[PDB]
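For reference, the chain that follows is the form deposited in one PDB entry, supplied as structure tokens.
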């Protein structure tokens, strides 16, 4: 009487009543019962709900497919939906045959069911991956052990952020916000740390991190740390339109080696033509440093570079054939700017390095063959010199008489420079306005020295306490110098050597003995070698205590003249009869030293007359 005791045990397993279990036998009414039993396979299954009266059984096969008068039903599938499983003996490794959807095969302490066609044979030595894979239509993991292992794997294998859907502003419903992944959202920013960058002061070679970061296509790179990012691999080529952003000017990009030939970054165009200049980028909010003097960056055939709030230390910037470069709010310590143009084989010219709101100590600006160097609202302290311009090819062919380029220096301060604050050769169409200069004391040098200048304006500047003259002009022609003050300089205020057609107007020269440093300036203006012509002094207020206010040949032939300069005689038209003006205007007065009388040109008589009206 084995059957009803079997029905009892099955009922206890399924938590149903004893009379709700039935053996499958053909033709029976399946209605009302909740569990059916197969004698051949000795497997039990829950029956689908709502089997109506008169529904009779036809067949029940190895795959737990139950066929009856009303239709068919997969009891294996139903068991799965109800999480009623049988865990088969053995495992994937030793092999087994899967016949039913609710049969589980253990692999590595984890359970899997087959979702594909049945029956399914797994050979000995199989894995779920080795026998059809994991997913719909294949192996599907079941239960606690499998889930725990899978959760641990995906969280720790790096795939999880890509799986997590993200929408900005959730749980709030925001119109237009789209679904992305947490991976993608996080990828919105790139830090050097993402490529192995570390501010561990030389343990990590951050040069490599930069290289790999840029190689990925990234352009805008942030530094997380406040420490030193050591750089040990030279000549990392920057991509076009880079932007490297430090952590609020805290971290350092630093070379720690001893090789002065080391260079951190290169920026390199394909050629000298404008369509070959590589587009530059931004360095900002960081320190660029080296213990030894280096050229930290080398730029060749480049355009549109920016440096903003960068602290440079022993780190010179070298550019050759460069066009439009901004240094803004930078602090330059022992960090020269070196501008060249010899790589421009087309025009041999570079353009517009610009400095604004910068502080410099021991950091010269040295540009050759460069047009429109501009320095505005800057302070420069110490160094051998502050600003230097050079022209490499000085020879010209007629009708050209001179070669040079404009510089624009405005409302800037140049202080305690050891040599010249300004050492300007080939300065043409330059405007130099409202600057303060105090330089050259350490080497007895002029505060500013312009050698080779044409058609420029130097306006409203102050030159004080310089090591020689405040300003010396050598080989400067057709230029204007108005409103400048020349105070307390060692040897003189303003000096000229072999100049032609200059206007020197207003301003003041002398010594005001202001606390903080001055020499007793002995000379006001001097044409030092007495070989300039067309030098015009008008309205200059000279300190009466000046030993020599003006040193200048103002005889009739030199075209040098003085008008209304205090302590200095007005230039009078005078000289021998031979030196009478050839084509004087009407009523022109000339003191004839031969005759010892004033004479006047009479336009009507076409003769010189004395005051009595008689011809001489």
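Rigid core (definition): largest C-alpha set, two forms, superposition within 1.5 Å. Residue numbers count along the first chain shown, from 1.
- Of the two stretches examined, 138-146 and 274-282, the record assigns the greater average C-alpha temperature factor to 138-146.
- Higher mean CA B-factor, judged across 176-184 and 288-296 from the recorded values: 176-184.
- Of the candidates 459, 99, 520, 538, it is 99 whose Cα B-factor is highest according to the PDB record.
- For the set 565, 66, 572, 552, the PDB entry puts the maximum C-alpha B factor at 66.
- Residue 373: CA B factor lies in the lowest third for its chain, per the PDB record.
- In this PDB entry, residue 125 carries a Cα temperature factor that places it within the highest third of its chain's modelled residues.
- Per the deposited record, the Cα B-factor of residue 482 falls in the middle third when ranked against the other modelled residues of its chain.
- When the modelled residues of the chain are ordered by their C-alpha B factor, residue 488 lands in the lowest third.
- In the PDB entry, a CA B factor belonging to the lowest third of its chain's modelled residues is recorded for residue 422.
Although it is not shown, the form deposited in another entry is what the next lines describe.
- For the residue set 107, 388, 198, 454, core-aligned C-alpha shifts between the shown form and the other one reach 2 angstroms or more at a single site, 107.
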